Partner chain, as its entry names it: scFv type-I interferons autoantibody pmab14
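Given as structure tokens, the chain that follows is alone and in the form solved without the partner chain.
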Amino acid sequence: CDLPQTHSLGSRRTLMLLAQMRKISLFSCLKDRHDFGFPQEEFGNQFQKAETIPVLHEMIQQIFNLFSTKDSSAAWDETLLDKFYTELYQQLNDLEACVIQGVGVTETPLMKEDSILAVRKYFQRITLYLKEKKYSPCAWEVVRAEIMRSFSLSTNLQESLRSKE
């Protein structure tokens, strides 16, 4: 498990890959203004020291499945997604590593599932929107923006050790 915060390009790579898969720009898509909003209350709060690892694992599991769909594979670059799957697996393996070891990962009460449930419904909600929008180009950009912001409000929170007051 990554106990010391020496250096990591895991989540930093995933975020970049999401931006690289960008076919278009939401900035030029003035129609799909139906944003979602990543559940940061159950990610950036309470959990900021390994406790957020179980959530991250299942969170990426949702991302992996959602992007590994026949829809996403046909919407984004299959070559970029090819690496995306590998990176997702890498992050997954890195996160579950702490679960395999005897680190303080699974110690919290049922609230551990609550965080996962929050992300679960968030992703399901996105799937519904995708179906409603027939998986349109700009609609995908919304998803990209959301997921990109999601990473900035999840794994990025572990690096958010600026203020302490």
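Positions refer to the first chain, counted from 1.
In what follows, reference is made to the form deposited with the partner chain bound, a form of this protein that is not presented.
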query	finding
Residue 36 within 4.5 Å of the partner chain in the deposited bound form, heavy atoms	yes
Proximity of residue 134 to the partner chain in the deposited bound form, heavy atoms at 4.5 Å	no
In the deposited bound form: members of 121 to 150 within 4.5 Å of the partner chain, any heavy atom	121, 124, 125, 128, 132
